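Colleague: Here's my sequence, what's the structure:
(chains A and B, ligands or ions: 5)
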Number of protein chains: 2
Amino acid sequence: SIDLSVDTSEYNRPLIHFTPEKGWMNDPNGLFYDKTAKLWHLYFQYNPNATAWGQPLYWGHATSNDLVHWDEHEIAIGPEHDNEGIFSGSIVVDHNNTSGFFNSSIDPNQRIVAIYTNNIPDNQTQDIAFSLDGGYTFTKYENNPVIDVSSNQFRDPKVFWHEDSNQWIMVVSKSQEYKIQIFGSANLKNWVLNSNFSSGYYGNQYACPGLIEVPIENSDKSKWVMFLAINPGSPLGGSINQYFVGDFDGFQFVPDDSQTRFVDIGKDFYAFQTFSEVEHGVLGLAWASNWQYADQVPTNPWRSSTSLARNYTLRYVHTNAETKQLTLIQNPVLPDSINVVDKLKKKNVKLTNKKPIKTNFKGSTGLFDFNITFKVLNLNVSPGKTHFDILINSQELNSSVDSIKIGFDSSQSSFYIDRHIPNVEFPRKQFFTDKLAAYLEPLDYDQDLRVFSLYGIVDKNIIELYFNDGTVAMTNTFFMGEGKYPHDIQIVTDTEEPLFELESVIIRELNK
Amino acid sequence: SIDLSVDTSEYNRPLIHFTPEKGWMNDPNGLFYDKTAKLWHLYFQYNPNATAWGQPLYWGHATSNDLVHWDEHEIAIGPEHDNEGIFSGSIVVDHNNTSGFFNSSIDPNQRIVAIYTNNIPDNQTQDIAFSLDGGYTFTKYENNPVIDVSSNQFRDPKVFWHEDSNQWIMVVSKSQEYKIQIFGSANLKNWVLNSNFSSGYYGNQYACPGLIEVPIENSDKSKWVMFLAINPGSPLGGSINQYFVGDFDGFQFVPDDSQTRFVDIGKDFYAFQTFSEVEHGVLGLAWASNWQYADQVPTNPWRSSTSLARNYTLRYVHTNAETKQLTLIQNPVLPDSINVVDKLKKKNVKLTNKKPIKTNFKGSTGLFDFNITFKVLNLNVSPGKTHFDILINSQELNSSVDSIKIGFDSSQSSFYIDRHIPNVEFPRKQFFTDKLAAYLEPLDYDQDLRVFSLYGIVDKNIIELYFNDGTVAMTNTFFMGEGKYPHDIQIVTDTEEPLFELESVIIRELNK
Ligand SMILES: OC[C@H]1O[C@@](CO)(OC[C@@]2(OC[C@@]3(OC[C@@]4(O[C@H]5O[C@H](CO)[C@@H](O)[C@H](O)[C@H]5O)O[C@H](CO)[C@@H](O)[C@@H]4O)O[C@H](CO)[C@@H](O)[C@@H]3O)O[C@H](CO)[C@@H](O)[C@@H]2O)[C@@H](O)[C@@H]1O
Ligand SMILES: OC[C@H]1O[C@@](CO)(OC[C@@]2(OC[C@@]3(OC[C@@]4(O[C@H]5O[C@H](CO)[C@@H](O)[C@H](O)[C@H]5O)O[C@H](CO)[C@@H](O)[C@@H]4O)O[C@H](CO)[C@@H](O)[C@@H]3O)O[C@H](CO)[C@@H](O)[C@@H]2O)[C@@H](O)[C@@H]1O
Ligand SMILES: *[C@@H]1O[C@H](CO)[C@@H](O)[C@H](O)[C@H]1NC(C)=O
Ligand SMILES: *[C@@H]1O[C@H](CO)[C@@H](O)[C@H](O)[C@H]1NC(C)=O
Ligand SMILES: *[C@@H]1O[C@H](CO)[C@@H](O)[C@H](O)[C@H]1NC(C)=O
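Modeller: Numbers count the residues shown, from 1 in each chain, chains lettered A, B, ... in the order given. Ligands and ions are numbered 1, 2, ... in the order given. Structure data below:
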């Protein structure tokens, strides 16, 4: 329950990634859109008292109108005793007052209900609560709990309105049984078990499930996508998110196939949840850290940001050369309401060790982005050189420039990050992986030449990569030395002839 | 046509992990046991002409009687033209001469047939060949190929005798279709397609499938285990091996569940195949490297070792605290026929920063092993110290000691490796991951205290870890600076009080 005189925001706090002002944030909760206030809501696992996870545990709260300018508000929910906690959960908007909390004086689009896990010593139940003031203060049902199965491991329900079966659906995790459980109710108070679902990578625990209809691109058609988070025992170490693509009738999810696929192959993307009430598309964000080392990272007086919100679709994409697969695609949310401080733009440039691309901006905000489409040429080079790299350098402090690398190796058809930074030591950095990669097929062939694309956005302590137009995404935090934060960006290579042609490049400085 | 005057065997060549004398080895092939010659056979993807994969491509050959003393022989098989290559494949012993290559003058346990992929420009077929001299020289069938489906991506068949359906089974990969294909035949020459199987992690390509009956421990019973290799696009990067546990009838494999589980969560364990004719148990080995950087590692004039052979069983193990899962267990093969040069043995020792455990041996062979059971005590310590570490140090050369770390963090319940070594730079080391971890549940509770176990064996350039009696295995290569190789081994910690009790410890110097 510490805190104090040390503040790293100067070089550590992201600008456009939500962050609690002080304390501890994990799982994002109760994500919804308020159509009449035209307002986006975000709640979160919050321990105000400590720089680490502890009880009592609360739902934090903050709103946005644009999904990058967050305003923090007073806590939406707390537990009865210091002994307990309001765990993960969701929100729904009860338009037709099936729940009966709702007067005639309350806008249908403001009839908010939260379903959350109530965690007691030796007990975990599914409880609900309602807000009369547009989501800012809540009243416990009164006959809570609404679901109790005598379990110590039963938590994190996402709830939604299924037209087709005419009910409220609940995906909640029977955590250590590796079941996602599917309840139905016409009521939000009375619940009937419909089915259990076990699949994908098991890890140590199922958690924060999610089920939602995601639109196939360029088409009337859609599919039903089951999200699932697992910690610990991610094959990458710690925590991760995964999905399955199939069909829901309101009683059981049937995956089209039985493959395992991950939502984000970065290290720091856990407890993804989608927004309720989104008119057009599927939108979500996650908790942008890994349970292996989240509580030891060198930020103070808060810890943890969220990811950007992302737009989710399904696209037929090439996973090898012969076969395409229906595949979850995600792209970041950036409204024009974001200042461009300065930018470097370039067209049809050949990359060689004598033509680097050096950002030369006046000063820095630590919020950059980069948008690149490239062609891989026919030119044979020695194996050490079949790569180009983006270096994201800090300003020189103790006469030393902290940098992180993002490259692509044509011989490997795979992008890569190296987030190693020397002299920055914190507890559990044995699990803080420095090198990760993603294999991708060409976005396109221009003749015989291969074409790849990548958008990345750096934010003081977090970096998001989207490969080939959002075919794979890779979230990862990074910790530079005290006082240092991104200043400039380079795109370099060791080859003397051009191996890569950059069709388009746009490096941007950004702001609030 | 490179090779020359540079030889690293002095500090790089493993002693008990098979290695070709010179050239390039990947997938191990045709693994079988010769009951009459009481002799173990290993074949492999071999390019004798280069330090990298190239055609013409051959099956190499070597035998052993103890599975750690390897004798290299003349090539067992080659292609017709420099244009082509004998790809991966297996061997069976045709006892009852169903194939008809076999006289009365040939021992039933020497009636060898190889089934291998014949790779032609634009064609890949399933071909077969027999040996009359106990596996040393082969004759192509004559009406080869025996399976052709007009495919450019159709390779790597494992074959076996199914009593219960009275036929020869073939698991072969339709590589870019993500199908494992199951053919049956009474003949080995005529083949009928029985089923297709698609599951687990897809990656870019299915490869080197395997199906076999593995015995459940302490029981009459067994299960049918489907192995699969995938490269590229292992979630860890590059290449990896995975499995599924279910039931075979001779026509289709049905997995009990639909989960994804990996055979070795290390970075260098691909193209696992099991031995034919083993009387008692399932035994196998893999190619001990990753396709991301195998051809760039600093070993000359060979590249690549195999793993040790391992004994494979299924055990009920706790994956969280509530649930156990039927789980592939693997432990290493080490006959007593292995010299113990020297050893340090210890009992019930409390670990603290002042009581380290330093190996003090006369000199070094670079072949060490270590066998450790431990208890995690009730003692609260600052977060940076909840770990202990095994340091595997080289001798000091340019006044610098190359080391690789293997630890366990009690707060994480997870083991870890850090194979970083400074100043050693080679092509594609961007993909050469340095930090990897494995989360495990206790092996046993002694009272309330937790008990974990780990055997690891180092061999000049490779390290194999088996956690909690073979519940998870982690294979990884390592490349120390020119001339440097393991010399001594420490077990240290930073804590002042004992956090770990080492029930038993046995560090060993080993030899041929
Ligand atoms: O907020 C509840 C909510 O989150 C979800 C989704 O993640 O699950 C949380 C869950 O696991 C958290 C976990 O790690 C916590 C961690 O440290 C905290 O806990 C310790 C005591 O348990 C404290 O000593 C420490 O100071 C706290 O900060 O545990 C490690 C310490 O060994 C640290 O590395 C982590 O930061 O808790 C267990 C216990 O360690 C871990 O295995 C998890 O990774 O939280 C409860 C129990 O904490 C567990 O049931 C959940 O998995 C979601 O399911 C809930 O809705
Ligand atoms: O020998 C066939 C046998 O092995 C298996 C099981 O692994 O399949 C191997 C397979 O993929 C090989 C792959 O890596 C090779 C690699 O370099 C070699 O190949 C290139 C020729 O295409 C050369 O450029 C290079 O110099 C050779 O050393 O490819 C990369 C070069 O970019 C290097 O990183 C590797 O060392 O080849 C493709 C293309 O890169 C990779 O994606 C693979 O990892 O072999 C063929 C093609 O080589 C492919 O069909 C196989 O999947 C087994 O299935 C076979 O029975
Ligand atoms: C689902 O699991 C619950 C909890 O184990 C159990 O009571 C119920 O039998 C299951 N129902 C179905 C349909 O599988
Ligand atoms: C990046 O470039 C493409 C090409 O114009 C553009 O459509 C896209 O919106 C840009 N920004 C992002 C975040 O993808
Ligand atoms: C398996 O897939 C192949 C590829 O077309 C097809 O010919 C075959 O009919 C399928 N067989 C079965 C039994 O499903």
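Colleague: For chain A, what lies in contact range of ligand 5?
Modeller: Chain A comes close to ligand 5 at no residue, as judged by Cβ under 6 Å from any ligand atom. Every residue, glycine included, has its C-beta placed from N, CA and C.
Colleague: Which single residue of chain A ends up nearest ligand 2?
Modeller: residue A:411 (3.7 Å; Cβ to the nearest ligand atom).
Colleague: excluding its backbone neighbours, what's nearest that residue?
Modeller: residue A:386 (4.0 Å; Cβ to Cβ, 6 or more residues apart in numbering or on different chains).
Colleague: Look up how far residue B:429 lies from that neighbour.
Modeller: For residue A:386, the distance to residue B:429 equals 13 Å [Cβ to Cβ, to the nearest Å].
Colleague: Name the residue in the two with the higher neighbour count.
Modeller: residue A:386 (22 against 18; other Cβ atoms under 10 Å in any protein chain shown).
Colleague: The more buried one: what's it in contact with?
Modeller: A:409-412, A:499 (Cβ atoms under 8 Å, 6 or more residues apart in numbering or on different chains).
Colleague: Show me which pair in those is furthest apart.
Modeller: A:412 and A:499 (13.1 Å; Cβ to Cβ).
Colleague: ok, is stretch A:360-380 in contact with ligand 4 or not?
Modeller: Yes - residues of stretch A:360-380 are located near ligand 4 by Cβ under 6 Å from any ligand atom, namely residue A:371.
Colleague: which of the residues in that stretch are buried?
Modeller: A:361, A:364-377 (16 or more other Cβ atoms under 10 Å in any protein chain shown).
Colleague: go on, stretch A:425-433?
Modeller: A:427-433.
Colleague: how far does that stretch stretch from start to finish?
Modeller: This stretch, stretch A:425-433, spans 13 Å end to end (Cα to Cα, to the nearest Å).
Colleague: Also stretch A:39-56?
Modeller: Start-to-end, stretch A:39-56 (Cα to Cα) is 28 Å.
Colleague: now swap in stretch A:245-264 and tell me
Modeller: 15 Å.
Colleague: Briefly note if stretch A:473-492 comes near chain B.
Modeller: No - legend: contact between stretch A:473-492 and chain B by Cβ under 8 Å from any Cβ of the partner chain is lacking; minimum distance shown is 11.9 Å.
Colleague: Ignore what I typed, I meant stretch A:38-52.
Modeller: No - applying Cβ under 8 Å from any Cβ, one finds stretch A:38-52 separated from chain B by no less than 9.2 Å.
Colleague: now that stretch, how far from the chain's geometric center?
Modeller: Using Cα atoms, centre = their mean, to the nearest Å, the mean C-alpha position of stretch A:38-52 is found 15 Å from that of the whole chain.
Colleague: Look up phi and psi at the closest residue to ligand 4 within the stretch 301-450 of chain A.
Modeller: In the stretch 301-450 of chain A, the residue that lies nearest ligand 4 is residue A:371 (3.7 Å; Cβ to the nearest ligand atom). Dihedral pair for residue A:371: phi -130, psi 110, per degrees, to the nearest 10.
Colleague: cool, and residue A:108?
Modeller: Here residue A:108 shows phi and psi, under degrees, to the nearest 10, equal to phi -60, psi -40.
Colleague: Spatially nearest residue to it (excluding sequence neighbours)?
Modeller: residue A:95 (4.5 Å).
Colleague: doesn't the one you found fall inside a strand?
Modeller: No - counting by DSSP: H, G, I helix; E, B strand; the rest coil, residue A:95 is located in no strand; its state is coil.
Colleague: measure residue A:111 to residue A:90 for me?
Modeller: 15 Å.
Colleague: Same drill for those two, tell me which one is more crowded.
Modeller: residue A:90 (26 against 21).
Colleague: so what's the more buried one up against?
Modeller: Residue A:90 touches A:29-31, A:114-116, A:157-159, A:273, A:276, counting by Cβ under 8 Å, 6+ apart.
Colleague: Pick the one among those closest to chain B.
Modeller: residue A:157 (19.4 Å; Cβ to the nearest Cβ).
Colleague: can you give me the strands for the stretch 351-500 of chain A?
Modeller: Here the stretch 351-500 of chain A has its strands, by DSSP state E, counting those that start in this stretch, at A:357-358, A:367-376, A:387-394, A:403-409, A:414-418, A:435-439, A:444-446, A:449-459, A:462-467, A:472-477, A:486-493, A:500-511.
Colleague: Can you give the strand pairings for the fifth one, parallel or anti for each?
Modeller: What that stands for is strand A:414-418. Within its sheet, strand A:414-418 is paired with strand A:403-409 (antiparallel), strand A:435-439 (antiparallel), according to DSSP bridges.
Colleague: can you tell me which of these comes nearest to ligand 1?
Modeller: Closest among these, once you apply Cβ to the nearest ligand atom, is strand A:435-439, at 20.3 Å.
Colleague: So what touches that closest one?
Modeller: By Cβ under 8 Å, 6+ apart, strand A:435-439 touches A:236, A:265-267, A:412-418, A:420, A:467, A:472, A:474, A:476, B:203-204, B:232-233, B:237-238, B:292, B:430-434.
Colleague: mind checking how far that strand is from the chain centre?
Modeller: Counting by Cα atoms, centre = their mean, strand A:435-439 comes out at 18 Å from the chain centroid.
Colleague: okay, the angle between that strand and strand A:472-477?
Modeller: 170 degrees (axes from the mean of the first three to the mean of the last three Cα atoms, to 10 degrees).
Colleague: The strands of the stretch 351-500 of chain A: which one's closest to residue B:86?
Modeller: strand A:435-439 (27.2 Å).
Colleague: what's the angle from that closest one to strand A:462-467?
Modeller: Going by the same axes, to 10 degrees, strand A:435-439 makes 20 degrees with strand A:462-467.
Colleague: one step back: need the contacts of residue A:386 in a markdown table with distance to ligand 3, can you?
Modeller: Listed next are the contacts of residue A:386 as a markdown table, based on distance: Cβ to the nearest ligand atom, whole Å:
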| residue | distance to ligand 3 |
| --- | --- |
| A:409 | 46 |
| A:410 | 49 |
| A:411 | 49 |
| A:412 | 44 |
| A:499 | 55 |
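Colleague: Neighbour-wise, give me the winner out of those residues.
Modeller: residue A:499 (24 neighbours).
Colleague: how far away is the residue nearest to that residue when sequence neighbours are not counted from residue B:444?
Modeller: Nearest residue to residue A:499, sequence neighbours excluded (Cβ to Cβ, 6+ apart): residue A:379, at 5.2 Å. Noted for residue A:379: a distance of 59 Å to residue B:444, by Cβ to Cβ.
Colleague: quick one, what contacts residue A:266?
Modeller: Contacts of residue A:266 (Cβ under 8 Å, 6+ apart): A:417, A:436, A:465, A:473-476.
Colleague: Next, give phi and psi for it.
Modeller: The phi/psi pair for residue A:266 (degrees, to the nearest 10) is phi -80, psi -180.
Colleague: Name whatever forms a beta bridge with the residue of the stretch 101-250 of chain A found nearest ligand 3.
Modeller: Closest to ligand 3 within the stretch 101-250 of chain A is residue A:196: 3.8 Å, counting by Cβ to the nearest ligand atom. Residue A:196 has these beta-bridge partners by DSSP bridges: residue A:181.
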